[PDB]
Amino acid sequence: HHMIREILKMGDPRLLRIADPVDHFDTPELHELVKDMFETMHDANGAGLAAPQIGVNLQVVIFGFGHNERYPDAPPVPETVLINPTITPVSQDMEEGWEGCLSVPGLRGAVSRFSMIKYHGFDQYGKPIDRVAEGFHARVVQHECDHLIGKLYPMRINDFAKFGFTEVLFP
């Protein structure tokens, strides 16, 4: 119980569900969840993590880094705890980019995401968060919020010519 929480891998039914909202903030259980997620994400050099990825079906995501080894060309993204999120695209403009996932180890695929979003949610103390994001920041937020509705990035790919093993695509 004191060991780092394991990341569930694609195929597990818990990655395919609708997460429930957090109803009570600033609780010992929620602080422990956030702590567990950061420890799990940092240990795996993740860019983000969603609670369903450690088997917790709650609307909690974390993301952010300065320099990240799995995505070495990505700019810094502010470290964030985002609970009960809503995403609103500012326009319908999209961009294709390469995504991975700690629940899909070893692979990358090209996924289109909105270029410009606003997002809203709360931190673990219940304080509102309201932000605008573009580019990779916007991409990570969309990827993580997808986990909360049971979506993994291969479900967003239409052209699987742009999908394969990281070591082959990025040697």
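Residue numbers run from 1 along the displayed sequence.
Of the two stretches examined, 141-149 and 117-125, the record assigns the greater average C-alpha temperature factor to 117-125. The deposited model assigns a higher average Cα B-factor to 38-46 than to the other stretch when 101-109 and 38-46 are compared.
Ranked by Cα temperature factor within the chain, residue 84 sits in the lowest third according to the deposited record. Ranked against the other modelled residues of its chain, the C-alpha B-factor of residue 23 as given in the entry falls in the highest third.
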